[PDB]
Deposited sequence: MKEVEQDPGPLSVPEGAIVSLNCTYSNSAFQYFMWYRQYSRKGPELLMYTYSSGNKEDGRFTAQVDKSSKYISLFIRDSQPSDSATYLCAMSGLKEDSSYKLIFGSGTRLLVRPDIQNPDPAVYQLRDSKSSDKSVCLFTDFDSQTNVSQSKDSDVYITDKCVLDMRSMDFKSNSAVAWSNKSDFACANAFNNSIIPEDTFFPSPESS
């Protein structure tokens, strides 16, 4: 049996992160880390000592496993699973996985320009959405907790060839009183947020 904290652990890009697990079985002698993106299949990361930005370590006396990620990047954001088993000289040595820790690395937004823009449907309908965008990663987007208004959480996109990342969230509603002006009233947003006319 393996104990692992679920997180999520949120850190700023460039920070060192430490992920760890504790186990109770002294026959465990092989220790690896797996990384799982979104809902995709886990894939081995470390089974080692150091590997570039990664160092895996084990203290068998403390029964404590750790993975350190130096200079962390938004692309490290994933679930990390510690895996372990006995030796192959053992009668049974089935690999087991801890239940994973979710890591979010917050992108460093170098020039925030928070704004709420209204976008209209391409097809027509009187339908529109409200896009809050370009805010720094300190910003939290709240679910407004009104049943007829829908608000996504923040999501970071990367325009690789501009060396530009930006956060955004989307809100929409059918309530006749809904307007981009009020859409994110349930969140704390920068006073300088731009509401075009």
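**Q** Provide the list of deposited-sequence positions lacking C-alpha coordinates, grouped into contiguous ranges.
**A** Those stretches are 1 to 2, 50 to 54, 205 to 208, listed in order.
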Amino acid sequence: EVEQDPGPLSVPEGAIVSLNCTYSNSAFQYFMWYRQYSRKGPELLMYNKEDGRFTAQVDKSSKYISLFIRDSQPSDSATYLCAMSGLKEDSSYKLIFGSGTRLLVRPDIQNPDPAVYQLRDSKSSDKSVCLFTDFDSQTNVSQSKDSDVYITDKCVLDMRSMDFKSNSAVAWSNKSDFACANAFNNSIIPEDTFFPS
From here on, numbers count along this sequence of modelled residues.
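**Q** Of the two stretches 153 to 161 and 140 to 148, which shows the higher Cα B-factor on average in the entry?
**A** Averaging CA B-factors over each stretch, the winner is 140 to 148.
**Q** Comparing 111 to 119 with 83 to 91, where is the mean C-alpha B-factor higher?
**A** On average, C-alpha B-factors are higher across 83 to 91.
**Q** Among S128, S26, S66, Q36, where is the Cα temperature factor highest, going by the PDB entry?
**A** Highest C-alpha B-factor among the listed options: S26.
**Q** Going by what the PDB entry lists, where does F31 fall on CA B-factor within its chain: lowest, middle or highest third?
**A** It belongs to the middle third of the chain when residues are ordered by C-alpha B-factor.
**Q** So where's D59 on the chain's Cα temperature factor ranking, which third?
**A** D59: CA B-factor falls in the middle third of its chain.
**Q** Taking the C-alpha B-factors as the PDB entry records them, is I16 in the lowest, middle or highest third of its chain?
**A** Its C-alpha B-factor, which the entry lists for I16, ranks in the lowest third among residues of this chain.
**Q** Among all modelled residues of this chain, ranked by Cα B factor, put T22 in the bottom, middle or top third, i.e. lowest, middle or highest.
**A** Its C-alpha B-factor belongs to the middle third of this chain's values.
**Q** Ranking the modelled residues of this chain by C-alpha B-factor as given in the entry, is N174 in the lowest, middle or highest third?
**A** Highest third - that is where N174 ends up once the chain's C-alpha B-factors are sorted.
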